[PDB]
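Notes follow the structure.
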Amino acid sequence: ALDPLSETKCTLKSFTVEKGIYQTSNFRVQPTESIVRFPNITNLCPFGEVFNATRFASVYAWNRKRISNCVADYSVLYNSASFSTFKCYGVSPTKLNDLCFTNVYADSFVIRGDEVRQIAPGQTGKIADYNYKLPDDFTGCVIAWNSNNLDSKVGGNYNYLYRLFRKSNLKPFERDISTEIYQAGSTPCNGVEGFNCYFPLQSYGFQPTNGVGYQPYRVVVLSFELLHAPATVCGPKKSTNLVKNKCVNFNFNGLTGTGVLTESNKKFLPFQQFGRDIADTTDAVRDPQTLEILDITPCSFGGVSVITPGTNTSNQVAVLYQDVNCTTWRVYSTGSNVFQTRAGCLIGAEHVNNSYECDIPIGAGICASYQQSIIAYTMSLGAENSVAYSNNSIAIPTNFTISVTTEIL
Amino acid sequence: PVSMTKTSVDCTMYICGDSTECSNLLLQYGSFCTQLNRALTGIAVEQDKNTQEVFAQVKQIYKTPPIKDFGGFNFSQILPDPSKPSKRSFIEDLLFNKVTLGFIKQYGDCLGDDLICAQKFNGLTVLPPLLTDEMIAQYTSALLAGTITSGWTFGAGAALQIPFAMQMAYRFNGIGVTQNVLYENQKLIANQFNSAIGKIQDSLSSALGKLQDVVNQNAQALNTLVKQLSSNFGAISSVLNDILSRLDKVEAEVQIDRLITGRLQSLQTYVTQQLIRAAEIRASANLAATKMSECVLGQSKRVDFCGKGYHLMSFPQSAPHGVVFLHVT
Amino acid sequence: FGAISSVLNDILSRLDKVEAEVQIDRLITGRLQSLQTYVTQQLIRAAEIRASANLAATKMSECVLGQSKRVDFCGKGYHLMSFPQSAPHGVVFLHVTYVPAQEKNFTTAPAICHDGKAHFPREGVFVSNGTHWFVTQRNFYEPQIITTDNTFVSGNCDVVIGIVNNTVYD
Amino acid sequence: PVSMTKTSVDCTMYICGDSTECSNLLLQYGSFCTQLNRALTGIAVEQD
Ligand SMILES: CCCCC/C=C\C/C=C\CCCCCCCC(=O)O
Ligand SMILES: *[C@@H]1O[C@H](CO)[C@@H](O)[C@H](O)[C@H]1NC(C)=O
Ligand SMILES: *[C@@H]1O[C@H](CO)[C@@H](O)[C@H](O)[C@H]1NC(C)=O
Ligand SMILES: *[C@@H]1O[C@H](CO)[C@@H](O)[C@H](O)[C@H]1NC(C)=O
Ligand SMILES: *[C@@H]1O[C@H](CO)[C@@H](O)[C@H](O)[C@H]1NC(C)=O
């Protein structure tokens with residue numbers, strides 16, 4: 001990465017380079033600064049009303065709650081809360097601080113310890129078949145912690161119920177709160193419980209002297225989406241100003257990238273935050289503070305080529321920028337010689353008004369050579385002869401030559 | 001057809017974009033990009049050799065005379081007119097304006113906003129040819145003037161002038177007809193020739209299909225390459241920045257490797273098909289050079305090679321990415 | 001190819017049967033791909049070589065075992081003969097050709113009128129040094145005397161453009 | 001020889017059979033089947 005010649009020598013894997021012209025990587029431009037744009041929010045999320053509550057719900061009638069317009073700084077849980085199980089599925093935990101979440105729902109219930117392994121996408125069992133089921137395409141997090149000091153009573157607490165004896169298996173995020181008599185045999189239950197007709201709900205005991213597997217556990221399931229919509233709920237990152245017409249690193253509501261930001265003529269419907277192109281890349285974005293549409297454009301663009309007379313004679317080179325009209329910015333350096341061919345700006349070569357044959361082709365009728373300096377010139381097709389052609393004159397030979405040539409195949 | 005389009009690919013910009021993680025992950029493979037570009041470079045070098053082998057037979061640039069005292073034959077529609085910047089012919093112009101479509105495209109123009117900008121923003125480059133259209137036209141005019149002032153002599157040494165009707169007499173003798181026929185029906189023969197050239201012009205002022213097929217094929221290939229970037233290849237997303245924004249270093253490497261593999265495969269397929277097409281183009285160009293040497297610089301006795309009928313002469317004209325032969329029989 | 005190592009023995013020395021199969025499969029896939037690419041490019045090159053060899057055989061049959069009238073096929077000029085020589089992975093043809101060297105200018109006419117009849121050469125051209133008229137062959141100045149054996153008559157002298165008056169002999 | 005045999009391929013029936021899961025999983029790739037069949041169609045047209 002010192003110069004284009006060294007780029008070439010690394011490409012070929014040799015310290016020596018032969019006469020010619022070589023294509024190199026394209027013209028790159030590196031970002032100057034970094035931009036972050038999140039919404040304007042002040043409230044902190046209700047971590048206490050959710051985690052530090054008074055009574056939870058039963059797994060058969062599990063509770064669900066919406067969360068919106070809040071900052072998700074969870075380090076406030078470190079002083080009080082100690083979780084036994086925490087698992088996130090469509091996201092890594094080391095990234096929860098630099099994202100913004102879209103449709104956040106919290107589900108809450110109480111179960112027995114040995115059943116906690118059942119809160120997962122597959123995991124058949126009593127809890128997953130009849131009480132609570134997660135989908136296969138789940139994006140969110142599961143959290144569980146012991147509560148034997150609150151939900152346990154000496155004589156036994158009998159206020160937490162689970163459903164046994166269902167006819168079929170539940171579907172994802174479905175709830176059944178029916179109290180009907182379950183027919184095990186073929187006898188036709190007339191709404192009474194005899195010997196094959198069961199009440200389908202049962203209770204836990206939850207005594208404090210029980211074993212760690214028969215002790216109560218409080219469970220919270222958080223569900224959300226990422227990077228397709230306004231994303232009201234956000235993290236604790238701090239925002240900056242807007243910078244335009246400059247290559248920057250940016251984070252827009254959790255979406256990171258690199259490029260130049262400009263003003264656009266597009267118009268988004270209120271249920272839109274991002275815009276994609278044919279290749280599914282993000283080309284437009286709405287600002288979460290000003291609400292104006294910005295276009296995104298890359299920074300690296302344009303081909304580059306190197307012209308070399310050979311390292312056994314010189315280390316002088318010329319450089320050709322194919323998409324520049326220097327008559328003068330996007331270049332690795334300026335100098336004393338600039339030509340502006342039809343194949344790009346040529347830097348490092350002297351232009352002469354003569355015409356020779358082609359030694360090193362460049363293009364559009366331009367060739368190069370080494371004289372000592374490097375010269376560029378329009379090449380020659382040959383000489384002029386101007387046959388005579390009178391209407392009564394003829395030329396005829398008076399001698400001959402025997403020629404011998406070679407052809408190799 | 002005589003030539004196709006030259007192309008180069010920056011593989012890092014196509015596969016990884018402006019991401020440094022993908023860039024460092026891609027160094028493992030490494031050799032395959034160098035391989036691909038070696039192949040494409042070979043193709044590009046072969047194209048100019050094709051053009052040169054067809055159009056640059058003679059190295060004396062013969063100028064045409066200002067009298068035009070031929071035996072009633074009129075080559076005004078095939079010879080140049082010193083009036084346009086394209087110092088070329090009537091029929092050559094008609095051909096030029098019948099095929100759609102190297103040059104410069106600045107960043108300021110593509111900034112914000114076609115298909116070419118999208119190609120360029122992903123490392124797909126089209127290179128200009130070495131010989132310009134003006135040079136090819138010069139070559140063609142030199143060949144015409146040689147044929148018209150000297151006959152089949154400028155192809156075996158130095159040009160020896162001879163009157164035109166005296167040359168048509170030789171070319172008649174060559175098909176099995178005496179000279180008296182020519183010298184006795186000269187006027188009729190010249191009028192027939194002129195009306196036939198006029199019919200050619202009138203039918204072209206209203207079939208160039210293969211020269212168009214070539215262009216269309218190339219464009220299709222490059223745009224297919226661009227569109228194949230919306231594929232996931234068995235991964236959670238097709239965008240690297242989503243992956244990198246919701247996943248860490250260890251969990252993201254899996255998906256990034258999947259994407260790398262797939263996009264490498266795509267480029268490989270592109271290069272393979274280009275290799276297979278360049279061979280067709282090479283065969284056609286070799287045939288065209290054989291035809292320029294045997295049908296223009298001489299007189300052929302092969303059947304249905306230089307036309308349909310008993311061959312008398314031929315004239316060349318240039319066309320975008322090819323050549324048009326006018327056979328007189 | 002997206003694996004912890006490129007050496008199978010490292011993998012097999014630090015990983016078991018179940019955890020090593022993943023990485024070994026990755027390596028297998030990649031190396032198979034490499035071989036495929038090699039074979040494909042060889043297939044594409046063999047075709048070029050075949051075309052060149054067919055051309056060389058055509059040239060040995062048409063330029064060595066005979067005499068060609070095709071232009072710029074067996075050399076540059078008017079073909080006389082050819083000789084083959086062998087070379088590593090190929091053949092070298094030595095083409096022997098005829099070239100005209102020294103040109104001189106003359107005056108022409110398509111026919112000649114003697115007694116109200118037009119005469120044509122039947123093997124050459126009529127030329128004049130300025131006073132006398134000779135008949136000649138085209139690729140070598142060897143002038144002769146215009147007679148009735150090296151000419152043939154066709155019609156009268158009223159239709160030929162460029163005809164000339166002179167004397168034909170016997 | 002003057003001609004060879006013409007062929008067509010339905011890629012879904014080869015890769016996925018009569019399975020709907022594989023069918024829906026295969027929509028991601030998508031372009032490559034169209035590409036293959038374009039090529040084979042060219043061959044078949046060239047034979048005649
Ligand atoms: C007597 C054994 C017969 C086994 C028959 C063969 C295969 C059946 C396989 C597994 C059945 C046992 C599952 C036990 C777990 C119950 C579900 C749960 O509570 O998590
Ligand atoms: C949660 O409530 C407990 C019970 O009093 C208390 O000890 C703890 O400080 C609370 N956590 C918070 C949010 O401070
Ligand atoms: C660059 O811009 C100049 C305007 O001064 C224009 O005349 C020239 O044609 C452009 N260069 C090319 C070859 O595109
Ligand atoms: C050639 O044709 C054009 C137009 O028909 C015109 O120059 C003229 O008729 C011809 N040239 C002559 C007669 O000198
Ligand atoms: C034939 O005549 C032309 C016209 O003057 C002359 O220039 C040319 O040299 C002559 N050719 C030879 C072989 O002398």
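So you can find residues: chains in the structure tokens are A, B, ... in the order shown, residues in each start at 1, and ligands are numbered from 1 in order.
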
Given a cut-off of 8 Å, what residues near ligand 1 show up using only C-alpha atoms and all ligand atoms, put as an MDAnalysis selection string? chainID A and resid 118 123:126

How would the residues just picked look written out with N, CA and C atoms as a CSV table (one decimal), in the first residue's frame?
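Saved the output as out.csv:
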chain,number,residue,atom,x,y,z
A,118,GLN,N,-37.8,-25.8,28.9
A,118,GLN,CA,-38.9,-26.0,27.9
A,118,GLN,C,-39.2,-24.7,27.2
A,123,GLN,N,-38.6,-28.2,21.8
A,123,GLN,CA,-38.8,-28.5,23.2
A,123,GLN,C,-40.2,-28.9,23.5
A,124,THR,N,-40.6,-30.1,22.9
A,124,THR,CA,-41.9,-30.6,23.3
A,124,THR,C,-41.9,-30.8,24.8
A,125,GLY,N,-43.1,-31.0,25.4
A,125,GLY,CA,-43.3,-31.2,26.8
A,125,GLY,C,-44.7,-30.6,27.2
A,126,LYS,N,-44.9,-30.8,28.5
A,126,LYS,CA,-46.1,-30.4,29.1
A,126,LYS,C,-46.4,-28.9,29.0

Can you pull out the residues contacting stretch 119-125 of chain C? Cut-off 9 Å, using only C-alpha atoms, and skip same-chain residues under 3 positions away; I want them as a list in words. residues 178, 179 and 180 of chain B; 108, 109, 110, 111, 112, 113, 114, 134, 135, 136, 137, 138, 146, 148, 150, 151, 152, 153, 154, 155 and 168 of chain C

Based on the selection just made, write N, CA, C and O atoms of those residues as a compact mmCIF listing (two decimals), in the first residue's frame.
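Done, and the output landed in out05.txt:
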# COMPACT_ATOMS: atom_id res chain seq x y z
N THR B 178 -14.58 -13.79 -72.59
CA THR B 178 -13.57 -13.04 -73.31
C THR B 178 -13.68 -11.55 -72.99
O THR B 178 -14.55 -11.10 -72.24
N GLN B 179 -12.77 -10.77 -73.57
CA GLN B 179 -12.72 -9.34 -73.32
C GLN B 179 -13.72 -8.57 -74.17
O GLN B 179 -14.32 -7.61 -73.69
N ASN B 180 -13.88 -8.98 -75.43
CA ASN B 180 -14.80 -8.29 -76.32
C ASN B 180 -16.16 -8.05 -75.67
O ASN B 180 -16.79 -7.01 -75.91
N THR C 108 -0.95 2.64 -72.90
CA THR C 108 -1.80 1.49 -73.14
C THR C 108 -2.91 1.81 -74.13
O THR C 108 -3.15 2.97 -74.49
N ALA C 109 -3.58 0.75 -74.57
CA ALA C 109 -4.79 0.81 -75.37
C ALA C 109 -5.48 -0.53 -75.26
O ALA C 109 -4.80 -1.56 -75.22
N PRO C 110 -6.81 -0.57 -75.19
CA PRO C 110 -7.50 -1.85 -75.08
C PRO C 110 -7.56 -2.65 -76.37
O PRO C 110 -7.72 -3.87 -76.33
N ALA C 111 -7.46 -1.98 -77.52
CA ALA C 111 -7.55 -2.67 -78.79
C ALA C 111 -6.77 -1.89 -79.83
O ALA C 111 -6.16 -0.85 -79.55
N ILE C 112 -6.79 -2.40 -81.06
CA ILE C 112 -6.07 -1.83 -82.18
C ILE C 112 -6.89 -2.02 -83.45
O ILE C 112 -7.42 -3.11 -83.70
N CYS C 113 -6.98 -0.97 -84.26
CA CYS C 113 -7.73 -0.98 -85.51
C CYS C 113 -6.77 -1.00 -86.69
O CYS C 113 -5.86 -0.17 -86.77
N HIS C 114 -6.97 -1.94 -87.61
CA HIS C 114 -6.12 -2.10 -88.77
C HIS C 114 -6.86 -1.84 -90.08
O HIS C 114 -6.47 -0.97 -90.86
N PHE C 134 4.03 -2.65 -79.04
CA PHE C 134 4.33 -4.05 -78.80
C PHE C 134 3.23 -4.68 -77.97
O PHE C 134 2.38 -3.99 -77.39
N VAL C 135 3.26 -6.01 -77.91
CA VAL C 135 2.40 -6.78 -77.03
C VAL C 135 3.27 -7.53 -76.04
O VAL C 135 4.38 -7.97 -76.37
N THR C 136 2.78 -7.66 -74.81
CA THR C 136 3.58 -8.12 -73.70
C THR C 136 2.73 -8.96 -72.75
O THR C 136 1.50 -8.87 -72.75
N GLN C 137 3.40 -9.78 -71.95
CA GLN C 137 2.77 -10.43 -70.82
C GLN C 137 2.85 -9.53 -69.60
O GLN C 137 3.68 -8.63 -69.53
N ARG C 138 1.99 -9.80 -68.62
CA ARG C 138 1.67 -8.80 -67.61
C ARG C 138 2.70 -8.71 -66.50
O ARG C 138 2.97 -7.61 -66.01
N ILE C 146 3.38 -7.29 -82.92
CA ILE C 146 1.94 -7.53 -83.04
C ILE C 146 1.67 -8.21 -84.37
O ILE C 146 1.93 -7.65 -85.44
N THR C 148 -1.00 -11.64 -86.23
CA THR C 148 -2.31 -12.26 -86.20
C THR C 148 -2.34 -13.54 -85.38
O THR C 148 -3.42 -14.11 -85.18
N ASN C 150 -0.86 -13.71 -82.20
CA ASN C 150 -1.01 -13.25 -80.82
C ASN C 150 -2.15 -12.24 -80.68
O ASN C 150 -2.15 -11.43 -79.75
N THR C 151 -3.12 -12.28 -81.58
CA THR C 151 -4.30 -11.44 -81.49
C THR C 151 -5.50 -12.22 -82.01
O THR C 151 -5.36 -13.27 -82.63
N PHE C 152 -6.69 -11.68 -81.74
CA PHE C 152 -7.91 -12.19 -82.34
C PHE C 152 -8.85 -11.03 -82.64
O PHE C 152 -8.87 -10.04 -81.90
N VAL C 153 -9.61 -11.17 -83.71
CA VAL C 153 -10.45 -10.10 -84.22
C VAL C 153 -11.87 -10.26 -83.69
O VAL C 153 -12.35 -11.37 -83.47
N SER C 154 -12.54 -9.13 -83.48
CA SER C 154 -13.92 -9.14 -83.00
C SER C 154 -14.56 -7.80 -83.39
O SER C 154 -14.32 -6.78 -82.75
N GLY C 155 -15.38 -7.84 -84.43
CA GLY C 155 -16.15 -6.67 -84.82
C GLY C 155 -15.36 -5.65 -85.60
O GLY C 155 -14.38 -5.95 -86.30
N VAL C 168 -1.09 -4.32 -87.86
CA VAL C 168 -0.94 -5.71 -87.47
C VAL C 168 -0.31 -6.47 -88.63
O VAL C 168 -0.59 -6.20 -89.80

Nearby residues (only C-alpha atoms) at most 6 Å from stretch 297-314 of chain A, same-chain spacing under 5 positions excluded, as a ChimeraX atom specification: /A:17-24,26-29,259-260,319-323

Using only C-alpha atoms, can you tell me which of C:94, C:87, C:51, C:8 comes closest to residue C:25? C:8

So that I can see what lies close to residue D:42, please list as an NGL selection string the residues with an atom at most 12 Å from it, counting only C-alpha atoms and leaving out residues fewer than 4 positions away in the same chain. (:B and (217)) or (:D and (6-8 or 35-38 or 46-48))

Produce a table with one row for each residue of chain A that has an atom at most 10 Å from any atom of ligand 5, each row naming the nearest atom pair and its distance in Å at one decimal; use only C-alpha atoms and all ligand atoms; arrange rows by chain and rising residue number; format as a Markdown table.
| residue | atom | partner | partner_atom_place_in_ligand_line | distance |
| --- | --- | --- | --- | --- |
| A:386 | CA | ligand 5 | 7 (O) | 9.3 |
| A:387 | CA | ligand 5 | 3 (C) | 8.0 |
| A:388 | CA | ligand 5 | 4 (C) | 5.7 |
| A:389 | CA | ligand 5 | 4 (C) | 8.2 |
| A:390 | CA | ligand 5 | 4 (C) | 8.2 |
| A:393 | CA | ligand 5 | 1 (C) | 7.7 |
| A:394 | CA | ligand 5 | 1 (C) | 7.7 |
| A:395 | CA | ligand 5 | 13 (C) | 6.1 |
| A:396 | CA | ligand 5 | 13 (C) | 7.7 |
| A:397 | CA | ligand 5 | 13 (C) | 8.1 |
| A:398 | CA | ligand 5 | 13 (C) | 10.0 |

Could you name the residues that touch residue D:11 at 12 Å or less, counting only C-alpha atoms, but leaving out those on the same chain fewer than 3 positions away, as a PyMOL selection string? chain D and resi 8+14-18+22-23+26-27+29-37

Select the residues contacting ligand 2 at a distance of at most 10 Å, based on only C-alpha atoms and all ligand atoms, then format the selection as a PDB file with N, CA, C and O atoms, in the first residue's frame.
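The resulting file, pocket-v2.pdb, is reproduced below:
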ATOM      1  N   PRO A  46     -39.581   0.781  31.775  1.00  0.00           N
ATOM      2  CA  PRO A  46     -40.115   0.317  33.068  1.00  0.00           C
ATOM      3  C   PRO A  46     -39.522  -1.016  33.514  1.00  0.00           C
ATOM      4  O   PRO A  46     -40.212  -2.030  33.627  1.00  0.00           O
ATOM      5  N   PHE A  47     -38.217  -1.018  33.775  1.00  0.00           N
ATOM      6  CA  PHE A  47     -37.568  -2.235  34.239  1.00  0.00           C
ATOM      7  C   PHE A  47     -38.141  -2.703  35.568  1.00  0.00           C
ATOM      8  O   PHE A  47     -38.224  -3.910  35.817  1.00  0.00           O
ATOM      9  N   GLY A  48     -38.559  -1.774  36.420  1.00  0.00           N
ATOM     10  CA  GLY A  48     -39.047  -2.121  37.738  1.00  0.00           C
ATOM     11  C   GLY A  48     -40.454  -2.677  37.767  1.00  0.00           C
ATOM     12  O   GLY A  48     -40.728  -3.650  38.474  1.00  0.00           O
ATOM     13  N   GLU A  49     -41.361  -2.061  37.012  1.00  0.00           N
ATOM     14  CA  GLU A  49     -42.730  -2.553  36.940  1.00  0.00           C
ATOM     15  C   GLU A  49     -42.826  -3.907  36.259  1.00  0.00           C
ATOM     16  O   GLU A  49     -43.859  -4.572  36.376  1.00  0.00           O
ATOM     17  N   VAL A  50     -41.788  -4.322  35.543  1.00  0.00           N
ATOM     18  CA  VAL A  50     -41.771  -5.605  34.851  1.00  0.00           C
ATOM     19  C   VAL A  50     -41.019  -6.657  35.650  1.00  0.00           C
ATOM     20  O   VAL A  50     -41.538  -7.745  35.901  1.00  0.00           O
ATOM     21  N   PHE A  51     -39.790  -6.352  36.061  1.00  0.00           N
ATOM     22  CA  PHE A  51     -38.966  -7.324  36.761  1.00  0.00           C
ATOM     23  C   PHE A  51     -39.236  -7.337  38.260  1.00  0.00           C
ATOM     24  O   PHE A  51     -39.339  -8.412  38.857  1.00  0.00           O
ATOM     25  N   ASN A  52     -39.361  -6.143  38.840  1.00  0.00           N
ATOM     26  CA  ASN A  52     -39.590  -5.986  40.299  1.00  0.00           C
ATOM     27  C   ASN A  52     -41.079  -5.768  40.577  1.00  0.00           C
ATOM     28  O   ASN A  52     -41.408  -4.735  41.178  1.00  0.00           O
ATOM     29  N   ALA A  53     -41.942  -6.706  40.184  1.00  0.00           N
ATOM     30  CA  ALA A  53     -43.373  -6.584  40.394  1.00  0.00           C
ATOM     31  C   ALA A  53     -43.770  -7.288  41.690  1.00  0.00           C
ATOM     32  O   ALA A  53     -42.923  -7.731  42.470  1.00  0.00           O
ATOM     33  N   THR A  54     -45.072  -7.401  41.925  1.00  0.00           N
ATOM     34  CA  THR A  54     -45.619  -7.940  43.164  1.00  0.00           C
ATOM     35  C   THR A  54     -46.207  -9.331  43.011  1.00  0.00           C
ATOM     36  O   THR A  54     -45.911 -10.211  43.821  1.00  0.00           O
ATOM     37  N   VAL A  76     -28.886  -0.779  35.009  1.00  0.00           N
ATOM     38  CA  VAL A  76     -29.554  -0.474  36.272  1.00  0.00           C
ATOM     39  C   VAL A  76     -30.047  -1.722  36.981  1.00  0.00           C
ATOM     40  O   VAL A  76     -30.479  -1.637  38.137  1.00  0.00           O
ATOM     41  N   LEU A  77     -30.000  -2.877  36.321  1.00  0.00           N
ATOM     42  CA  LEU A  77     -30.364  -4.147  36.930  1.00  0.00           C
ATOM     43  C   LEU A  77     -29.220  -4.784  37.703  1.00  0.00           C
ATOM     44  O   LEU A  77     -29.458  -5.727  38.464  1.00  0.00           O
ATOM     45  N   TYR A  78     -27.995  -4.293  37.531  1.00  0.00           N
ATOM     46  CA  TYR A  78     -26.835  -4.949  38.119  1.00  0.00           C
ATOM     47  C   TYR A  78     -26.847  -4.880  39.639  1.00  0.00           C
ATOM     48  O   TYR A  78     -26.349  -5.795  40.302  1.00  0.00           O
ATOM     49  N   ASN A  79     -27.406  -3.816  40.206  1.00  0.00           N
ATOM     50  CA  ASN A  79     -27.354  -3.616  41.647  1.00  0.00           C
ATOM     51  C   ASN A  79     -28.330  -4.498  42.408  1.00  0.00           C
ATOM     52  O   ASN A  79     -28.114  -4.753  43.597  1.00  0.00           O
ATOM     53  N   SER A  80     -29.383  -4.967  41.758  1.00  0.00           N
ATOM     54  CA  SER A  80     -30.475  -5.660  42.423  1.00  0.00           C
ATOM     55  C   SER A  80     -30.740  -7.051  41.881  1.00  0.00           C
ATOM     56  O   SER A  80     -30.990  -7.974  42.658  1.00  0.00           O
ATOM     57  N   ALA A  81     -30.691  -7.227  40.569  1.00  0.00           N
ATOM     58  CA  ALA A  81     -31.168  -8.435  39.922  1.00  0.00           C
ATOM     59  C   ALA A  81     -30.019  -9.379  39.608  1.00  0.00           C
ATOM     60  O   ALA A  81     -28.916  -8.954  39.257  1.00  0.00           O
TER      61      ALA A  81
END

Could you list, as number ranges by chain, all protein and nucleic acid residues with an atom at most 6 Å from ligand 3, counting only C-alpha atoms and all ligand atoms? A: 325, 342; B: 104

I need the chain C residues near chain B as an MDAnalysis selection string; criterion: at most 6 Å, counting only C-alpha atoms. chainID C and resid 71 77 160

Prev. selection, N, CA, C and O atoms, output as an mmCIF file, in the first residue's frame:
data_model
loop_
_atom_site.group_PDB
_atom_site.id
_atom_site.type_symbol
_atom_site.label_atom_id
_atom_site.label_comp_id
_atom_site.auth_asym_id
_atom_site.auth_seq_id
_atom_site.Cartn_x
_atom_site.Cartn_y
_atom_site.Cartn_z
ATOM 1 N N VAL C 71 -4.601 -16.276 -51.894
ATOM 2 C CA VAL C 71 -3.763 -15.117 -51.626
ATOM 3 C C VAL C 71 -3.404 -15.072 -50.148
ATOM 4 O O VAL C 71 -4.264 -15.248 -49.278
ATOM 5 N N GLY C 77 3.182 -12.882 -51.433
ATOM 6 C CA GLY C 77 3.608 -12.863 -52.813
ATOM 7 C C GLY C 77 2.947 -13.975 -53.603
ATOM 8 O O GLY C 77 1.920 -14.533 -53.215
ATOM 9 N N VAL C 160 -15.450 0.374 -79.300
ATOM 10 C CA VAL C 160 -14.479 0.197 -78.225
ATOM 11 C C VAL C 160 -13.977 1.563 -77.783
ATOM 12 O O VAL C 160 -13.497 2.355 -78.598
#

Which protein, DNA or RNA residues have an atom within 9 Å of ligand 4, counting only C-alpha atoms and all ligand atoms, as JSON, numbers by chain? {"B": [68, 69, 72, 73, 74, 75, 76, 77, 194, 198]}

Pick the closest to residue A:91 from A:204, A:9, A:224, A:1: which is it, counting only C-alpha atoms? A:224

Pull the strand (DSSP E) assignments for stretch 144-371 of chain A out of DSSP run on the backbone, and list those residues as a PyMOL selection string. chain A and resi 144-146+161-163+182-183+197-198+201-203+216-223+233-234+248-252+255-263+274-276+282-286+293-297+304-308+318-321+345-347+350-351+360-363+366-370

With a distance cut-off of 8 Å and only C-alpha atoms, select the neighbouring residues of residue B:321, excluding the residue or stretch itself and same-chain residues fewer than 6 positions from it, and output the selection as a list in words.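 The neighbour list is residues 1, 2, 3, 4 and 211 of chain B.
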
In Å, how far is it from atom CA of residue A:42 to atom CA of residue A:282?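 A separation of 28.6 Å between them.
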